[PDB]
Amino acid sequence: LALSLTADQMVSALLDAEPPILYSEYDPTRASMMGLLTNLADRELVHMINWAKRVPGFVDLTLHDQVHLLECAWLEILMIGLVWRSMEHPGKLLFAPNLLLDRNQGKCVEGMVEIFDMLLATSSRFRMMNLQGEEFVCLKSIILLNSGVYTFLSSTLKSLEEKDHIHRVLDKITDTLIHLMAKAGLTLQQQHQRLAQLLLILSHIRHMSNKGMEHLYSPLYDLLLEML
Amino acid sequence: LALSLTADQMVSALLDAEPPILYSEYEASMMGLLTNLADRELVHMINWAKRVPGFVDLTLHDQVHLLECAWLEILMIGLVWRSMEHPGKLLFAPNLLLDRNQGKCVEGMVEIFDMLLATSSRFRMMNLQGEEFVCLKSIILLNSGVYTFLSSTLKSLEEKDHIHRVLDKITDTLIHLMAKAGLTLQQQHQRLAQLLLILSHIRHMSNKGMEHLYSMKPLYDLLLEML
Ligand SMILES: C[C@H](CCc1ccc(O)cc1)NC(=O)Cc1c(-c2ccccc2)[nH]c2ccccc12
Ligand SMILES: C[C@H](CCc1ccc(O)cc1)NC(=O)Cc1c(-c2ccccc2)[nH]c2ccccc12
């Protein structure tokens, strides 16, 4: 089980579990921004479930506890995926390697500009700190398990042994980061400061998710069930 | 300045800045009972913000964006912190203790209630000490709307760059607190994480609340006159 894995081990199996590069699908003999979003979000979804299930401990869960998470964390895992490949492309959003975008395109829809700009903003942010792929996967994980921990169902008995399992996985993923930046050669002080700005950027991505939701909402449960 | 303070020094001036406990103002309604009480808590927050080590160095535009972004978040963690010895209940004011059913008559408060109630339990379980709390409340002040000002012009660059160093300062403040406490450094690293990851749930709750607070449709005219 996950709760024996190592820093060394956790990273690797996390890199292992990475989804595949997905290429957009637009008229080459030429368009909508919406459908361009819908299309590939769908497909980015299907491979989430296949990565999620590869996250250590996510399986140890429950099908109900696994469906709540993903139903809460989905837009955030996309965003931090996007923002990661968008780093060497300042001012542009690298959805797919054949679908780099920028501001003016997000303005075509109805509220995408603000989300673009926060998106671009986190990209710059991560750019500044020089985010390693090894921390990125940690943080995609931490976005997964932290999604809807504190809103499962009830304070029952099982609910509690569950919550107790994630909180230990998360704790385990944390030593991974700390240990990653340790290897890197940072003084302990810089480990604690680095880890915090990283864990503070998660508030921003959550905030964009809710932001994003409000127009995506302006079924999914029944879908994750079949896939999970 | 804040970037000269020590842990004990930062704690002190943070403990120092702590606002006063407010009692509610009372067929009674939850809204006006709620509305009434935040306002007056807002007025004390503004005077608490102005006492946060480093917030002053910023700009009236960088000071008015922050507060205007993270207000609901400072209240919520402030409520959720006193609501800790009150399992299932939200201690708004010492005379306005509530629960789900108290929030149920208003049209959406239960969901915010429940998640509100859950963070309290979380804080309880981890045994959140006031000195880590005052720190986290500051961290929500500084993290508020950092990456969302407008432009990275000349001052914005030096400003955001200063914020990130205040926060870097608070960050070590907490560690020494848990360190002093005698945790393995590993235990310091987990706690700081379980702690800072809870700030997304407060943020997530704030965004929810906003959705409803503008479901009932100012601040600027206040922060400007009070700052
Ligand atoms: C810009 C982000 C999209 C993040 C994203 C989308 C697809 C992908 O492959 C990778 C990353 N969108 C939102 O935050 C909200 C959103 C809107 C949206 C925003 C504003 C107004 C209307 C619709 N349409 C969709 C469609 C699919 C996912 C998210 C979203
Ligand atoms: C339950 C939470 C916390 C509100 C709150 C108010 C005062 C205070 O000192 C601490 C916390 N409410 C909100 O986040 C949003 C909100 C609503 C609200 C939300 C949903 C439906 C109706 C009303 N009414 C008010 C009034 C004053 C401040 C915030 C709020």
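Proteins come first, then strands; the chains are lettered A, B, ... in the order of their sequence lines, and each starts at number 1. No hydrogens, no waters, no symmetry mates; every other heavy atom, side chains included, goes into these values. Ligands are counted one by one from 1 in listed order, and the atoms in each one are counted from 1 as well.
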Participant: Pull out every atom of ligand 1 sitting under 4.0 Å from any heavy atom of A/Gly212, numbered as shown with elements.
Facilitator: 13 (C), 14 (O), 15 (C)
Participant: Under 4.0 Å from atom 12 (N) of ligand 1, is there any protein heavy atom?
Facilitator: no
Participant: Could you tell me if the side chain of A/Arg125 sits less than 4.5 Å from the side chain of A/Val83, heavy atoms only?
Facilitator: no
Participant: Should the pair B/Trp81 and B/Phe133 be assigned to parallel (<30°), tilted (30 to 60°) or perpendicular (>60°) ring geometry?
Facilitator: parallel
Participant: Under 4.0 Å from a heavy atom of A/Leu119: which atoms of ligand 1 are those, numbered in the order shown and with their elements?
Facilitator: 1 (C)
Participant: Pick whichever of B/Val110, B/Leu213, B/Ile112 has a heavy atom sitting closest to atom 30 (C) of ligand 2.
Facilitator: B/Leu213
Participant: B/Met31 near ligand 2, heavy-atom distance under 4.0 Å?
Facilitator: yes
Participant: Give the atom numbers and elements of ligand 1 that come within less than 4.0 Å of a heavy atom of A/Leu78.
Facilitator: 11 (C)
Participant: Establish, for the pair A/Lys163 and A/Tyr150, whether the NZ or CZ atom is under 6.0 angstrom from the six-membered ring centre and no further than 45 degrees off its axis.
Facilitator: no
Participant: Please verify the inter-ring angle class for A/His204 with A/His207; under 30° counts as parallel, over 60° as perpendicular, anything in between as tilted.
Facilitator: tilted
Participant: By the definition side chain to side chain contact (heavy atoms under 4.5 Å, CB included), identify the one residue from A/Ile173, A/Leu180, A/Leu177 that meets it with A/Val11.
Facilitator: A/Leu180
Participant: Of the side chain and backbone of A/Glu44, name the one, both, or neither that has a heavy atom under 4.0 Å from an atom of ligand 1.
Facilitator: side chain
Participant: Regarding B/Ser144 and B/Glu73, is there a side-chain donor-to-acceptor distance under 3.5 Å anywhere?
Facilitator: no
